[PDB]
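The data below hold one chain only, encoded as structure tokens and taken in the form deposited in one PDB entry.
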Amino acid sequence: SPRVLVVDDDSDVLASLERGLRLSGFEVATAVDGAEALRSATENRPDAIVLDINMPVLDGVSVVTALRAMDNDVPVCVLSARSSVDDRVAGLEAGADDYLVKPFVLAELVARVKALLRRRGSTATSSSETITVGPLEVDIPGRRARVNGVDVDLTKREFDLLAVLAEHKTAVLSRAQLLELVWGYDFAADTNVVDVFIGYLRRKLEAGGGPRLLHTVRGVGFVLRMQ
């Protein structure tokens, strides 16, 4: 009953993923390149999209870029070959919500797709008032972050992360807690998605040129706090 659009230009992989997800309980639509992805996404509006990065015609990065420019927040998990790192990172930066490296076992994708759906248009936060951490203001309801009055341009998943960290300002959250609260994971994962997104957030928070607000507590977790 959730509709998942799966996009890959490798016809074996696409057929396999189609088979795998349909059997796992999803209504599945497919596309072979990013143009067909955007057509499919536009004409059918999937609940989630599984999106290969390196494709002809329009790549996965472009597809993501395009969706997000249209304010289309559909959850997206990008797929990439192992070696195609600085590149899957591009999809995440451009606005994908999660990634999975090939080859993967099908359970890894199903689990992340159910998480994607659990956390589509998101946060597990109750704050209504804007949250201040030094010069940073995190407006959860208005989905707006500002540092010294200047908006910080964040993707939907960067913002969800910052929002969870602001909701628990000054508290340390572990990778595992952040996978559950932000990504909606209900399973143990081998993933550095939290680390990658902490990198992006911190770079954005610091681009102005002042204090580190977002701290890595080695072996324990991450914390948003002034000083």
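Only residues modelled in both forms are compared. If you superpose the two forms and keep the largest set of C-alpha atoms that fall within 1.5 Å, you have the rigid core. Residue numbers run from 1 along the displayed sequence.
The discussion below concerns the form deposited in another entry, not included here.
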Of the candidates 121, 149, 103, 142, the only Cα that travels 2 Å or more between this form and the one not shown, given a rigid-core fit
121
After the core is matched up, is the C-alpha of residue 112 off by 2 Å or more between this form and the one not shown?
no
If we fit on the core, is the Cα of residue 71 displaced 2 Å or more between this form and the one not shown?
no
Superposing on the rigid core, I want to see if residue 132 changes position between this form and the one not shown - specifically a Cα shift of 2 Å or more.
no
Check residue 87 against residue 199 at the C-alpha atoms and report closer or farther in the other form, compared with the shown form; the change is 3 Å or more.
closer
Looking in the other form, decide if the C-alpha atoms of residue 199 and residue 122 are closer or farther than in the form shown; they differ by 3 Å or more.
farther
Hey, quick one: aligning on the core, which runs of at least three residues have all their CA atoms off by 2 angstroms or more between this form and the one not shown?
80-88, 121-125
